[PDB]
């Protein structure tokens, strides 16, 4: 088939082999109940300078020459665990080529190589980043932020993420949707007894990514921080693109 539909309500079924449903790259590992993105020592304490990725194993169809394009929705809950405030560097949900791998740690979030990070012509990746560190040198806004990245670590759009939520270590729920007809990517982040965060931007995936992509989570540290993905749902539809 050309569309994908999966739901993982939790990850307490930690015994699946690497690469069969989810592929782990770099320092990302499967633990009981979670996809862990960067490295921790014996006590679950975060290591500095680490990067990892957990991605769905199958390729995801996005578009083809015949006009058919996939609209999609993904939701996931995560626990960004902080051991002080501030922490570094964050996490990201991404869509990249099937053949790509984890790249640099720190503020590049395992998605970019330091040398070509601010160069759109040298990257093929769209990511929604949940940034905990202000990298002054790569144009981060002066606060923790949520951002949409298109072929570069310098986000095409961002919205403020409050300190209390960014460094509070509570489980958060994210909803990311893409409408393939109007080329709109929307991010919704919610905290159970807190506030919501909304960020939407026009981006034509067909114009920046290949026809088939790999989807997943990528993180880069940094220090005093580690991200655990607790559940994940992905659904894509070709609705309205003549199919």
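Numbering follows the first chain given and starts at 1.
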Study note, to complete from the structure: Averaging the C-alpha temperature factors as deposited, the higher value of 103-111 versus 81-89 falls on 81-89
Exercise for review: Could you check the entry and say whether 166-174 or 132-140 has the higher mean CA B-factor?
Suggested key: 132-140
Practice item. Would you mind finding, among 59, 33, 26, 216, the residue with the largest C-alpha temperature factor in the entry? Key: 59
Exercise for review: Name the residue from 201, 195, 181, 39 with the greatest C-alpha temperature factor listed in the entry.
Suggested key: 39
Exercise for review: Using the B-factors in the PDB entry, rank residue 44's C-alpha atom against the chain and give the third, lowest, middle or highest.
Suggested key: highest
**Study point:** Record-listed C-alpha B factor of residue 2: chain third
**Key:** highest
Study note, to complete from the structure: residue 186: CA B-factor among chain residues, third -> lowest
Exercise for review: Would you check the entry's CA temperature factor for residue 52 and let me know if it's in the chain's lowest, middle or highest third?
Suggested key: lowest
Exercise for review: Could you look up the Cα B-factor of residue 16 in the entry and say which third of the chain it sits in: lowest, middle or highest?
Suggested key: highest
